[PDB]
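Start at 1 and go down the list; that is how both ligands and their atoms are numbered. Note on naming: letters A, B, ... go to the chains in the order of the sequence lines (proteins, then strands), and numbering restarts at 1 for each one. The figures that follow rest on heavy atoms only: side chains count, while hydrogens, waters and symmetry mates do not.
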2 protein chains.
Amino acid sequence: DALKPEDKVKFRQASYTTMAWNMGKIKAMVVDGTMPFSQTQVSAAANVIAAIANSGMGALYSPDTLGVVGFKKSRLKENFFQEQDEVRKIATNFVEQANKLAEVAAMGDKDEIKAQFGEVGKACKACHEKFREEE
Amino acid sequence: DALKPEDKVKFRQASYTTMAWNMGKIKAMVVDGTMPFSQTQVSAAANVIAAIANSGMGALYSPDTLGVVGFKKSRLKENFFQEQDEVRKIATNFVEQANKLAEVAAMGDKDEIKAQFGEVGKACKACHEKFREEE
Ligand code: HEC
Ligand code: HEC
């Protein structure tokens, strides 16, 4: 199935947004204290994020996806395809930090989890500032 | 920061579509043979699916999400809120098959991978047949 461009955008948008839900769950439980701390729920959330980080979303990026509507018009910036090295660095760092968040969440220390959750947030943001249009 | 209904719909639609991408990758490699078999890619795809299956998506289901637009108007059918025992049966069967798919994808036995992938497929459809408006 050589995916159509619309499908590539849709799948990557879905993947990011899925990670967002699960990031939001950890945020409520270890940063904001608005949901009771649960080791099993934080660990399940961390596992989704680590899994998607390793899911090889690079196969969803090709130049003919620029400006293409998935669920909405792609917010991908075209420098993504020129600054290839910088993408790989940011992406490989994200995988490393996501892996560590799942490991730490498994062990269930709230303080350790909050620290590593912070490192993952920084990894998400590093990619967005370079390669994602805010609008 | 409890989720609004629109966000619940969007997050659950995102979650399903993410599993759909990953199921598609496994289908290509072990059923249709249109992508070369990769041990690491099949297990990474299976891992996403098991993680999302275990991600507690029940938290995204409440009656005030019926008919609500996430990425698109929700296709959730309302008989869902009438079927608590059947939803739990289908969901826990889905977790079981998804867990097993991830276990066999790690061990690398390609025909057993094809077989269990079929079992996961049946679990997806079982839920859709009762609770998702077809397109
Ligand atoms: C680059 C290597 C990225 C990393 C790491 C993360 N994100 Fe991202 N994200 C990225 C791009 C290029 C885009 C735009 C996708 C498009 O085609 O439009 C996004 C988008 C998101 C979104 C919105 C998705 C949508 O529904 O349209 C969210 C909610 C999002 N990103 C969150 C997110 C989180 C939580 C991450 C870390 C855990 C993360 N992203 C990493 C690029 C990259
Ligand atoms: C019930 C417990 C379900 C299981 C198990 C699976 N799916 Fe599902 N899916 C379900 C519902 C109720 C809906 C509609 C959600 C809404 O509010 O609109 C869906 C939707 C999908 C979609 C489309 C999502 C979108 O982008 O709008 C896909 C692609 C999908 N489902 C795929 C899918 C796969 C691959 C599954 C097995 C791995 C699977 N679903 C299981 C309910 C349930």
Side-chain angles (χ1 to χ4, degrees), chain A residues 8-24 26-27 48-50 52-53 57-58 60-61 65-77 80 86-95 97-98 101 117 120-133, chain B residues 8-24 26 48-50 52-53 57-58 60-61 65-77 80 86-95 97-98 101 117 120-133 135:
Chain A
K8 290 180 183 178
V9 175
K10 190 176 299 195
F11 285 140
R12 71 198 186 208
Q13 289 176 341
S15 289
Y16 290 111
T17 285
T18 303
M19 287 199 294
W21 176 48
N22 285 280
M23 289 284 285
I26 301 172
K27 188 180 179 284
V48 168
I49 294 156
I52 294 177
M57 290 177 58
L60 298 170
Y61 285 98
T65 65
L66 284 164
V68 168
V69 172
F71 292 122
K72 71 189 179 190
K73 185 168 177 67
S74 177
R75 303 311 204 245
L76 178 66
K77 299 166 66 192
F80 177 92
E86 187 54 31
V87 171
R88 290 289 304 142
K89 290 146 130 75
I90 285 173
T92 67
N93 175 64
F94 174 52
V95 167
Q97 303 307 334
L101 178 58
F117 176 65
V120 172
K122 286 152 66 175
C124 312
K125 193 172 189 175
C127 192
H128 296 155
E129 280 168 3
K130 288 286 184 55
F131 302 123
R132 183 188 73 178
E133 199 68 73
Chain B
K8 288 180 183 178
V9 176
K10 187 180 299 195
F11 284 145
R12 73 197 184 208
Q13 290 175 342
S15 291
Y16 295 105
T17 284
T18 298
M19 288 195 294
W21 176 47
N22 284 280
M23 290 284 284
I26 299 171
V48 167
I49 295 156
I52 295 178
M57 290 181 56
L60 299 173
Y61 285 95
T65 69
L66 284 166
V68 172
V69 172
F71 289 132
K72 73 193 179 195
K73 187 165 179 172
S74 179
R75 298 166 55 202
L76 177 68
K77 302 168 67 191
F80 176 98
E86 188 53 28
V87 177
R88 184 183 69 262
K89 187 183 181 191
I90 292 170
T92 67
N93 177 66
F94 177 50
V95 161
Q97 304 308 331
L101 179 61
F117 176 64
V120 172
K122 285 152 64 175
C124 309
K125 299 168 177 197
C127 189
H128 297 159
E129 284 168 5
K130 285 186 142 287
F131 306 124
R132 185 186 74 174
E133 193 71 6
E135 275 189 358

Check: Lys73(B) main-chain N/O paired with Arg75(B) side-chain donor or acceptor under 3.5 Å: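 Not at all, since once roles are kept as given, no pair shorter than 3.5 Å links the two residues.
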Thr92(B) (side chain) donor-acceptor with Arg88(B) (main chain) under 3.5 angstrom: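 Checking the backbone N and O of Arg88(B) against the side chain of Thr92(B), a donor-acceptor pair under 3.5 Å is found.
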Sub-4.0 Å atoms of ligand 2 with respect to non-hydrogen atoms of [X]:
{"X": "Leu76(B)", "result": "12 (C)"}
{"X": "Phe94(B)", "result": "5 (C), 37 (C), 38 (C)"}
{"X": "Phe71(A)", "result": "26 (O)"}
{"X": "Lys72(B)", "result": "27 (O)"}
{"X": "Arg12(B)", "result": "16 (C), 17 (O)"}

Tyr61(B)-ligand 2 polar pair, N/O distance under 3.5 Å: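 Min N/O separation from ligand 2 is not below 3.5 Å for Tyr61(B).
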Plane angle bin for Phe80(B) and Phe131(B) - parallel if under 30°, tilted between 30 and 60°, otherwise perpendicular: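 The arrangement is perpendicular - the two ring planes meet at more than 60°.
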Geometric class of the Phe71(B)/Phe71(A) ring pair [parallel <30°, tilted 30-60°, perpendicular >60°]: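 It falls in the parallel class, under 30°.
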Nearest neighbour in protein (non-hydrogen) for atom 17 (O) of ligand 1: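 Checked against all protein heavy atoms, atom 17 (O) of ligand 1 sits closest to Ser74(A) OG, 2.8 Å.
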Shortest protein contact, atom 25 (C) of ligand 2 (heavy atom only):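 Going atom by atom, the protein heavy atom closest to atom 25 (C) of ligand 2 ends up being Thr17(B) OG1, 3.4 Å.
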Candidate pair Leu101(B) and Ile26(B), rule side chain to side chain contact (heavy atoms under 4.5 Å, CB included), full reasoning: CA-CA 11 Å; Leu101(B) 179 61; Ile26(B) 299 171; 4.2 Å; yes
Nearest-0.5 Å distance that lies between atom [atom1] in [X] and atom [atom2] in [Y]:
{"X": "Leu60(B)", "Y": "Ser74(B)", "atom1": "CG", "atom2": "OG", "value": "10.5 Å"}
{"X": "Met23(B)", "Y": "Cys124(B)", "atom1": "CE", "atom2": "SG", "value": "4.0 Å"}
{"X": "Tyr16(A)", "Y": "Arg132(A)", "atom1": "OH", "atom2": "CZ", "value": "9.5 Å"}
{"X": "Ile52(A)", "Y": "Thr17(A)", "atom1": "CD1", "atom2": "OG1", "value": "10.0 Å"}

Pair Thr18(B), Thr18(A): side-chain N/O donor-acceptor within cut-off below 3.5 Å: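 The criterion, which ignores hydrogens and geometry beyond distance, is satisfied for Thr18(A) and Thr18(B).
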N or O pair under 3.5 Å between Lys73(A) and ligand 1: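 N/O-N/O distance under 3.5 Å: no.
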Salt-bridge contact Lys130(A)-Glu86(A) (side-chain N to carboxylate O under 4.0 Å):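 Salt bridge flag = yes for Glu86(A) with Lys130(A).
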Residue selection (non-hydrogen contact nearest atom 18 (O) of ligand 2) among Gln13(B), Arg88(B), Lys122(B):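 Looking at heavy atoms only, the winner is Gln13(B).
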Those atoms of ligand 1 less than 4.0 Å from some heavy atom in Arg75(A):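 With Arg75(A) as reference, the close atoms of ligand 1 come out as 16 (C), 17 (O), 18 (O).
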Distance below 2.8 Å from atom 8 (Fe) of ligand 1: protein N/O/S atoms: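 Counting only protein N, O or S atoms under 2.8 Å from atom 8 (Fe) of ligand 1, the list reads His128(A) NE2.
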